[PDB]
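Please read the structure below before turning to the comments.
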Amino acid sequence: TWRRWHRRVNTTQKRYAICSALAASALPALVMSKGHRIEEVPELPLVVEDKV
Amino acid sequence: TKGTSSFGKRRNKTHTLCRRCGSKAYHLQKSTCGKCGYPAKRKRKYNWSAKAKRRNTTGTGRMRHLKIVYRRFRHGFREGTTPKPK
Amino acid sequence: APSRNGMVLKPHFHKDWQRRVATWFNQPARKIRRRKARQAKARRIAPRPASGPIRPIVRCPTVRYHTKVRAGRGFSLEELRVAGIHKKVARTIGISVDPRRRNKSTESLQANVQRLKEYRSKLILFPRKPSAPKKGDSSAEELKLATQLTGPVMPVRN
Amino acid sequence: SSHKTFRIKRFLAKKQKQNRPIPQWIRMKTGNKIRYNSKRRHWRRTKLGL
Amino acid sequence: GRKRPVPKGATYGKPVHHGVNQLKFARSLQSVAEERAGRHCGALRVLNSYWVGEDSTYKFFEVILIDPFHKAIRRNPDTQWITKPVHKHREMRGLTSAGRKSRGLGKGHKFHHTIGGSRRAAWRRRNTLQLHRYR
Amino acid sequence: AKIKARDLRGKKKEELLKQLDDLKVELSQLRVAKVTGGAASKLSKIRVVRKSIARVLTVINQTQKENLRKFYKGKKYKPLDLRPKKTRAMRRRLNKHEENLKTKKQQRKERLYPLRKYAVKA
Amino acid sequence: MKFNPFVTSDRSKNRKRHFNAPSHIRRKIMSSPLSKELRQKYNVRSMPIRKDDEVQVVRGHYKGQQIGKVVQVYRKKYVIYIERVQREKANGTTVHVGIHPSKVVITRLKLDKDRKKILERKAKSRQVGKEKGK
RNA sequence: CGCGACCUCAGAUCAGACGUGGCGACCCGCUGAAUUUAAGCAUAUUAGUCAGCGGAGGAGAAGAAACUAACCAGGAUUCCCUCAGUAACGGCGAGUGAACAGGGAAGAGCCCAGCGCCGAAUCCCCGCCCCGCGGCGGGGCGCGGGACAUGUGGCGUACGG
RNA sequence: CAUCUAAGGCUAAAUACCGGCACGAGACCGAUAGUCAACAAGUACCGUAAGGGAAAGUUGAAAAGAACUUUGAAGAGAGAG
RNA sequence: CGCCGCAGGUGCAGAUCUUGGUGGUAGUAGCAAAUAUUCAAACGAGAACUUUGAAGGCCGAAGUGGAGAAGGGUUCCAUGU
RNA sequence: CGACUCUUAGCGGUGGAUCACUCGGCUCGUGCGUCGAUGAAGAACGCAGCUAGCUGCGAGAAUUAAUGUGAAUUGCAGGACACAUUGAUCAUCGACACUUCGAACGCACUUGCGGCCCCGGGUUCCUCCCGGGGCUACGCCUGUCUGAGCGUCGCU
Ligand SMILES: [Mg+2]
Ligand SMILES: [Mg+2]
Ligand SMILES: [Mg+2]
Ligand SMILES: [Mg+2]
Ligand SMILES: [Mg+2]
Ligand SMILES: [Mg+2]
Ligand SMILES: [Mg+2]
Ligand SMILES: [Mg+2]
Ligand SMILES: [Mg+2]
Ligand SMILES: [Mg+2]
Ligand SMILES: [Mg+2]
Ligand SMILES: [Mg+2]
Ligand SMILES: [Mg+2]
Ligand SMILES: [Mg+2]
Ligand SMILES: [Mg+2]
Ligand SMILES: [Mg+2]
Ligand SMILES: [Mg+2]
Ligand SMILES: [Mg+2]
Ligand SMILES: [Mg+2]
Ligand SMILES: [Mg+2]
Ligand SMILES: [Mg+2]
Ligand SMILES: [Mg+2]
Ligand SMILES: [Mg+2]
Ligand SMILES: [Mg+2]
Ligand SMILES: [Mg+2]
Ligand SMILES: [Mg+2]
Ligand SMILES: [Mg+2]
Ligand SMILES: [Mg+2]
Ligand SMILES: [Mg+2]
Ligand SMILES: [Mg+2]
Ligand SMILES: [Mg+2]
Ligand SMILES: [Mg+2]
Ligand SMILES: [Mg+2]
Ligand SMILES: [Mg+2]
Ligand SMILES: [Mg+2]
Ligand SMILES: [Zn+2]
C-alpha cells in the first residue's frame, strides 16, 4: 500500500498548465482538433449573459 | 519390529473426547486436554499459531448470545417496553 | 559493496520496519473530521470566539528567537492583579490564565495588561438572565453587534 | 466393544443417523446445487474420530 | 534479586545472556506486594501501600484496598473515580504509586525514554516510518 | 378453527391449562397416526397442533410473568430474572443519581464563578 | 445522478440484494405497470402484482391483447403464471410459462381494502409531487 | 470466680453485593531470545523485537513541573512538521541515536493528607409513611442498629491559606 | 546565581485501531488468479496428539429435462419430439 | 478494437521448476506361500465361482471348531438391486 | 495387393486450455465501538410430514408473542388464510422462552453418588418408597449471629 501513489506538482507549473489550457480553448483549430463540433458556434470564446 | 509388526499392538487409546471444546485431545492418563487444557480455568491459546486461533475464535461457533447483543445494541438495550398495540 | 565515488550511506532499515509503517491515506478524512469538529464547536459556543480564549503576548525563549513575539498559554497572576481581574472570573469571561508564569520585566507586564484592558473594552457581556440584566452590557450593544469572532482574539503581531 | 459408555454410544448414534443418502426430492428444489451426500462414511474405509 | 528460571543455569545463547544470578527485577518489591494483594482480592481496587517492616529474608507492606461497590464509596464524590471500569487492577498495569516508579515516567531531560506515555509508546513513535501521501 | 393468542388472553389459568392438555392429547394421537401410516391431512396437522401448544404456553408464561412484575413492583429486592438485563458492564455503572451528585466544593465553585455568555467585537 | 453516500451503485452489491431479497420486498420488485385506462382512473403508474388480477402480455412469444387472469405469483423465480399463457410439454400435459411482471400491464385490478389504501397513498404522493413542481 | 468492656481471630447454605472466563486489531505492566549483520566471531546488531505471562477501555497510557532554559526568557499531557540521520553512543567497526527552542491539531484544570477552626458538623444499614419506578431516587419519622476521636464531614492545598 | 517543590490522587480534546457491528469506494484479482475457502471450507480427509488441510463455478430465455415406437436382461442404440 | 498520453503482477523451452492432463513402455510385468477338486439339478438373459444333492479331500480338539477382552460401530438380520 | 509406419487434412474421441461472464475476495476510507455467575465464547445432543449436509432454532425446538407489511410458501403433499366478531408470507424485534457440558457452581466424571427444605402419590403423616420444585462452588466487602483466647483490663 505504500507505493507512492501521489505526486506533487509545483504551484507555478500547475498555474502554467491552466494558462495554456485556457489559451488553447480560444483557438478554433485546437478545439476542433479535440472534436467538439464547433462549426455553428458564433464565437469560440463563447460568453453568455449572467442570466444563465 | 519397528514397522508393520509394531502397528498391530496399538489398541489402547491415549486421548478421548473432551467435555470442553469437544476435541479428541483429552489425555486420559494426564487428565488434561492438549488443545484447550480443560482442567485449567483458562483456555489454551498461543500466538505462534494464528491458524489454530482462528479455528476456535469467536464467530466460528453459534454466538447464541452475541448475535442478540449486536441486535439489541442498535436500539440501546431497551427493556420493559413493547411496540404500540394496534 | 561500494562502487567508485559516492556517499557513505547508513540507512536505518535493519530493524523490521515494515511492521510499523504509518500510511497517510486517512489524511484527507482527518482534515474533514477536524474541520467538522471546529464548525460544530463554534456552533456550540454560539457568540463566543471560535478560536477560544485570548492568549497573552509572549517573547520566545532562546537567543535564536528572542527577537520574535508569539502567543503564550495564559495571562500571569501578576498581569491579572494589576489589571483588576480575578483569576477565577477571568476564565469564565474568556481569558486564559497561566498561574505558573511570572514576569521578569515591567515592559512585558505592561504590554500584557494593556492587552487585557483592550480585550475587556471590546468584550460584550450577555446577562446571565436574558430577561433581567444586572451588570452585563447594554441591550443595544448585544442586540445585533454581538457576532462570533473568527481567528485568534487580537492576533499577536510583530 | 460391547462395553461402552453412554457418551460414546450417543456419539455413534448421531453418526449412524447422519450416514444416510440425501432425499430424492432435494434434486427438484430451486437452485439445489447438491448431487449426492459428500459426507457419506463407510465403516471399513474411513474410521471415525474416536 | 530475581534468579533467572532456567534449568541448571543453562541459558543457551551468546555469553552476554549467560547471566543467571545478580539479575534484578524491573519492578520493586512493593509493586510485587501490591500485585499479590490485588490478585487475591480481585473484587477490590488497590489504592496505595506502604512499608511496615523488614528482616533479612522478608519485606512487609500494608496495602490499602477499596471496595468499589460499597455505598459509602459510590455515593461519595472525590472517590467515585475508583469505581470506574477503567480503574480495575491498577497494580497489574503500574498505575499505583509503587508500580509507576518503575516505568521511568517524569518530566524533563532525565526521562526522555517515556515521552508519549510509556517506553513502548516512545519506541513506536520513534521506530515508525511515517510514509506520507506526498513524499 | 385455529387458536389465536389475541383471544386466549381473556381466558383464565384453569381453562388455559385445559386447552393445553387437549392439544397435548391431540398431538399424541397425531404422533400415533404418523407411525401407523395415517394420512397427509393428519401428518400436516402435527405442526399446527405443535404451534398451538407453543401459543398457549406463551400466553401462560407471559401472564404469570406480568403478574409477578406487578407483584414485585415497588419492592426493594426483586428476583434476578425480574431485574433489567441491559449488559453486565451497564449494570455495574453508577446510577443516574450518583453520577449527578457533586461535592459542596464543586457546587460552591459553580455558584460563585459560572460560565458566562460573551462575544468579542472586531 | 446518485448523490446519496449511503446508497450503493456497485453492480455486485445491487445484484446481491436483488437475488437475496426477502419476500416482502420481492413484492415491490415484482411490480407491473397499469393500463392506460387504469393510469387515468387512478393517479398511479405501477402497482405490485397480485394473485387474482388480470393482465396482458406485451413482450415475448405470448404478446397479444388477450386478458388473462394471473393464477400464481411465484416470487422465488421472479415470475408469474397466467391463465392461457401455457405450453404443452412432451408427455402431453400443459404447464405454465413464467413471465416477468415487468412485461405485462394490469388491465383490471383485484381490489380490496389494502389495494385501495395503497392506490390512494400512491396517488396522493403523486399529487403532492406535481403541486410542488408546479 | 463468674459476669462484662475492648483487642485479635474463627465459623455460617447468615442479609445484601462483587471478582473469575472470553475476545484481544489498538493500549498498559513484565519477561524475553535466536536466525541475521559485522563478509569469521565473543561486545555490538537483530532488539527491549518474536515467542511467553498478566490487566483494561471504546480508546488506553500520559498529564497539570522536584520542567525547559540561560534568553528582552518560556510554561500540563498527547499528536503532526521540523530540529535530525543531528548532539551523542559504538571491537568509535558494522551500526545505533534522542531532546530543547520554532510552527501547528487540541487546549481545562483541579482534589486530598498534613497545619488549623467548627459540641462528629460525617457515613452505612434496617424498619414505617408519602411522592415516583427507571438506570431505584427524594421528603419525613424511629430514646432503631452500626461505622467513626487509632479521626468522618465543612473551610482550605503552594496560583499561598 | 537561576529554576522547581519529589517521595499522595483525579481529569476531556486533539492520537491509535490487520478483532467486532454497519456501510461506501477502487487505474486491484477474475476460478492454477484473488482470502485456505465465489460451491454443504476450516468442510472432506490425514495424524494418538499438538496440528496439517484440499479439490470443486457456467444447459437453456424458459425444463420446454426427450412423450411415443423399436432392439437388447440392462447399460446402451435407431427413429420421433 | 484503432490513434494520443498514462500505469504495470506485461512476453518462457528449460529451473531433478508448480498444478493439471496425456503418451511409449503395454494388452507387457503380472493375477504361482499354506495338497483339490468333480458330477447332476434349480434359479437365472447369462454359471468354473451362487444354492441343493451326491462324491473325493483338508483343518485334525495347541483346529480352518465354539465363545469372550481391547479395538471397530451397525459390519448383525430379512427383502430387493 | 494389403499390413505396419510417417506426414498433412476432414470428421469423431480424450482433455479442460482460451475467451466471455461473477451473490467472491483483496485494499483503502467512514460511523459506531456492544460479551459474561441475570451464566459468555466455545462444544455436545437434539428439533421439519416427507430432511443427510449448510443454515436456523432449543423439548414452546427450520420457531411462540408483539409491531410493520399485506396474499403468499412452494420440491411434493396437506391445510388454513370473509384480508373488518382481523390477516398468508416476509421483515423488524422491545414480550416470553432458552436441553447438556463449558469461568461452570452439591461431590465427581472415558463412571456415578450425596445432603437440606417444601409439594403430590403409594403412605392414610411418621417416616420408608416414587415423582416434582427450590437450594447446597471458591475468594472477597459491609453488616448480623454464634463463639475462642494463662491478649489487655474492670467489677466480683
Ligand atoms: Mg521408531
Ligand atoms: Mg499411557
Ligand atoms: Mg483397518
Ligand atoms: Mg552479542
Ligand atoms: Mg474538602
Ligand atoms: Mg448468603
Ligand atoms: Mg556473521
Ligand atoms: Mg556471510
Ligand atoms: Mg556463522
Ligand atoms: Mg508477544
Ligand atoms: Mg481477565
Ligand atoms: Mg485515563
Ligand atoms: Mg493518570
Ligand atoms: Mg502543583
Ligand atoms: Mg538537514
Ligand atoms: Mg537499540
Ligand atoms: Mg489551535
Ligand atoms: Mg479532617
Ligand atoms: Mg483458488
Ligand atoms: Mg478458466
Ligand atoms: Mg454398464
Ligand atoms: Mg510476472
Ligand atoms: Mg506462460
Ligand atoms: Mg511450458
Ligand atoms: Mg531460456
Ligand atoms: Mg502375461
Ligand atoms: Mg497366473
Ligand atoms: Mg487330515
Ligand atoms: Mg475361534
Ligand atoms: Mg450378513
Ligand atoms: Mg487425424
Ligand atoms: Mg479434437
Ligand atoms: Mg407468528
Ligand atoms: Mg470409576
Ligand atoms: Mg479474658
Ligand atoms: Zn479440550
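Here Cβ is always computed from backbone atoms with ideal geometry, including for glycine, and neighbour counts include all displayed protein chains. Quick note: the coordinates plus some simple rules give every number you see, no bench work behind them.
Which chymotrypsin sites (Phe, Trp or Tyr not before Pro) in chain B sit in a loop by DSSP (not H, G, I, E or B) and have at most 12 other Cβ atoms within 10 Å of their own Cβ?
Here the chymotrypsin sites (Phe, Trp or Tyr not before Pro) that fit, given the DSSP loop and packing criteria, are B:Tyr46, B:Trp48.
Using the charge dipole of chain B (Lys, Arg: +1 at Cβ; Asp, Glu: -1 at Cβ; taken about the Cα centre), state which of B:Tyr70, B:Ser6, B:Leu28 has its Cα farthest towards the positive end.
Highest projection toward the positive end goes to B:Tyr70.
Does a label point 7 Å from the Cα of G:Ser23, set along Cα-to-beta-carbon, have any residues of region G:32-60 with amide nitrogen under 19 Å, and which are they?
Counting backbone N atoms under 19 Å from the label point, the list is G:48-53.
Provide the convex hull volume over Cα atoms per residue for region C:1-151, in Å³.
Here the figure is 245 Å³ per residue.
Between region F:7-47 and region C:58-119, what's the alpha-carbon centroid distance in Å?
So the separation of the two Cα centres works out to 88 Å.
Fewest first, what order do B:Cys33, A:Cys19 take by the number of other Cβ atoms within 10 Å?
Taking fewest neighbouring Cβ atoms as first place, the list is A:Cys19, B:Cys33.
Please compute the modelled spin-label separation between E:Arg93 and F:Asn100, points set 7 Å along Cα→Cβ, answer in nm with one decimal.
Distance between label points: 2.9 nm.
How many angstrom lie between the C-alpha centres of region F:60-122 and region B:44-86?
26 Å
State the Cα centre-to-centre distance between region G:1-51 and region A:24-43 in whole Å.
So the separation of the two Cα centres works out to 44 Å.
Would you work out if the protein assembly as shown is rounded, prolate or oblate? Take a ≥ b ≥ c from the square roots of the eigenvalues of the alpha-carbon gyration tensor; rounded if a/c is under 1.5, else prolate when a/b is larger than b/c, oblate otherwise.
Oblate shape, in that a/c is at least 1.5 and b/c is the bigger or equal ratio.
Please give the residues of region G:16-38, grouped as numeric ranges, whose backbone N is less than 18 Å from a label point set 7 Å along the Cα-to-Cβ vector of G:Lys130.
Once the point is set 7 Å along Cα→Cβ of G:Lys130, G:34-38 turn out to lie under 18 Å by backbone N, inside region G:16-38.
Show the residues, 5+ positions off or on another chain, whose built amide H is closer than 5 Å to the amide H of G:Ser31.
The answer is G:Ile49.
Identify which of G:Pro33, G:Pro22, G:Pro48 has the largest mean-square fluctuation in a Gaussian network model of chain G, with springs joining Cα atoms closer than 10 Å.
Among G:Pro33, G:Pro22, G:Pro48, the largest GNM mean-square fluctuation belongs to G:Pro22.
Which value, in debye to the nearest 20, gives the size of the charge dipole of region F:25-68 about its Cα centre, when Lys and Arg are +1 and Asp and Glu are -1 at the Cβ?
220 debye
Spelling out what I want: for every residue of region E:64-77, take phi, set θ = phi - 60°, compute 6.51 cos²θ - 1.76 cosθ + 1.60 (Karplus), and round to whole Hz; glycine and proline get x.
8, 10, 10, 7, x, 10, 6, 5, 5, 8, 6, 7, 10, x
Once you sort the root eigenvalues of the Cα gyration tensor of region B:1-66 as a ≥ b ≥ c, which label holds: rounded (a/c under 1.5), prolate (a/b larger than b/c) or oblate (the other case)?
Prolate shape, in that a/c is at least 1.5 and a/b is the bigger ratio.
Non-local amide H neighbours of G:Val105 (under 5 Å, H modeled in plane, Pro and chain starts lacking H): which ones?
Amide H neighbours of G:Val105, under 5 Å, 5+ apart: G:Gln56, G:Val58.
Chymotrypsin sites (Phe, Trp or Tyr not before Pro) within chain A: which are DSSP loop residues with at most 12 other Cβ atoms inside 10 Å?
A:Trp5
Roughly what would the spin-label model give for E:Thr11 and F:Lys18, points 7 Å off Cα along C-beta, in nm?
Result for the modelled spin labels: 8.6 nm.
Given +1 on the Cβ of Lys and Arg, -1 on the Cβ of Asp and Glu, and no further charges, what dipole in debye does chain F carry about its Cα centre, rounded to the nearest 20?
Charge dipole of chain F: 1200 debye, to the nearest 20.
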